[PDB]
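Form deposited in one PDB entry, single chain, as C-alpha cells, below.
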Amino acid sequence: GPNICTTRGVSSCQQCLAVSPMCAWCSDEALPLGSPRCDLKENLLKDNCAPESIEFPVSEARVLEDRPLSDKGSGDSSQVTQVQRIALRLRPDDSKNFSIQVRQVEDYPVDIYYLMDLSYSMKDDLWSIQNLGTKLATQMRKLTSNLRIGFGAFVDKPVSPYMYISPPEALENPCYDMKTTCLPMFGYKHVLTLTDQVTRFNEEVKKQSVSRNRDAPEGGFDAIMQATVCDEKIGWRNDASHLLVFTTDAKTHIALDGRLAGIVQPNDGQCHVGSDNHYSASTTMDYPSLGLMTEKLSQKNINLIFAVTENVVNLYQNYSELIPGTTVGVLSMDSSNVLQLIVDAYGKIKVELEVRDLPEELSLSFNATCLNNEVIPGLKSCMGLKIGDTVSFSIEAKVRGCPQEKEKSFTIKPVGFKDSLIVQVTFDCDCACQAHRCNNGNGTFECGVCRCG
C-alpha cells in the first residue's frame, strides 16, 4: 500500500533516498507508467523493476584496524593496545551502530613522598630510615612504572625553646655540649622533588644526617601539612595516587603547643616554602590541627602513612583513628611490615570517553556496558575498574539531512587513554543513475524538479 515514499511527491532518486532509509528508487524505464518509482524495494521487486535499476544503498560499518587488545603494558613486543580504525558509510537520516572496547592495561601512576626526621633522637634509626627509603622505591618500581619519588625533612620549629641558642657557637653545632658535630636545625626543608630517578633519590637519602633540638616532640605535622598543601614544589601528579610516608620515633607537637614559643597565629594552611626549599613560616605559624590536616589530605587525596618505631606505635595507632584512612607500620631493620602497607595501598586502587571533531550533522548515542554485562544507555562513563577489567560501549551514529561534505572523520577517545578509534564517515546521498523528462529538452532536471525555459 501507499507509504511515506509514495505520498511525499518524490520526483527523483536523490529525493527518494533523502526522504527515508526505507525508500528505494527504480531507475528502470520498463516500469509501467503510473507505478511509484519511489517506494519500498520489496514493492519495487513486486513491481518487477530491474534490481540493477533499484538504487538502495545500505549503511555499513566496516572495520579498518582491529589489532588485538593487549594484556600487559610492559610487553616489549608490539605497541600497547587499550582501544583502532573504523569506517562508517551512512545514507541521509539513517543510523548505524558499532561496538568499542577499552581496557586498563597500563600500570597506575603512583606518587610516593618521603618524610624524614633529622633530629638527634634517631641517630640509632637513621640507617633504618635510609633502608626504608631505598626499599620503598625498590618495591614500587617492581609493581608500577610511572613512579615519582622524593623527600623532605623536618626537625622542629627554629625558635629559642627548641633551638640551642645558649652558646654563640652551638647554633651551627647543636651537639656542642657533648663535643660532637651535627647540622644546624631547621623547621622543614623540601630536598628532592618527585622524580622517576631512583639513583638520585637513593644518593640524596643516604647523604642525610641528624640535627639536635631540645624537647622530645618534633614538629612533623608542619612537615606533613606543607608537603600536602604544596603542589608545584612537591610535584604531585593530578592522575597518580598520592602517598606521603611519615617517619619519627618520639611524640609529636600538636596545635596550641606553639603558644609556649610565643607563636599564637593559627596554621594558615597555605604553601609557604620559598625559593630556598625551606619552610619560611616555621617561626610565625602554629602547628596545624588534626582537623585541618584531615581537610587538606582529603582535598588533595593524599594517603598519609605512619612508619614509626615500636615505642610510639600505639600512640600513632590511636592518632590514626582521628585521621581516617591512615595506617601505621613498624619501623625496624625488617621493613617488610611497612612495605606491606604500600603494597595494599597500591592494590586498593575510570573510563570516560570524549568525542573530538564530531561532525555537526552527526549525532551519537552512547550505550555503556561496564560490569556484569549490564547496559546503561545514555551514559559514557564506567567506574570501579581494576587491572584487566574490560568495558564496552555501543555507539550509534545518526546523520541529519545530508552534509555537503561527502567524507569527514572524527575520533572517540577515553580521557587520558591515548588509544582511540578514528572513525571515517562517508555519506551516500547521490544515486549511481544520477551520474528528456522536462518535456523533451524544455528545461533542466535538477533536484527532481524541471526548471522550464
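The first residue of the sequence shown is number 1, and the count goes up from there. Take the two forms, find the largest set of C-alpha atoms that superpose within 1.5 Å, and that set is the rigid core.
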**OP:** Indicate whether the chain is continuous between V83 and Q84 or, if not, how many deposited residues are absent from the coordinates: none, 1 to 3, 4 to 9, or 10 or more.
**Re:** 1 to 3
Original post:
As recorded in the PDB entry, how many deposited residues are without coordinates between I349 and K350: none, 1 to 3, 4 to 9, or 10 or more?
Top reply: 1 to 3
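The same protein also has a form deposited in another entry, omitted here; what follows describes it.
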Subject >> Threshold 2 Å Cα movement between this form and the one not shown for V63, core superposed >> reply: no
Subject >> Threshold 2 Å Cα movement between this form and the one not shown for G34, core superposed >> reply: yes
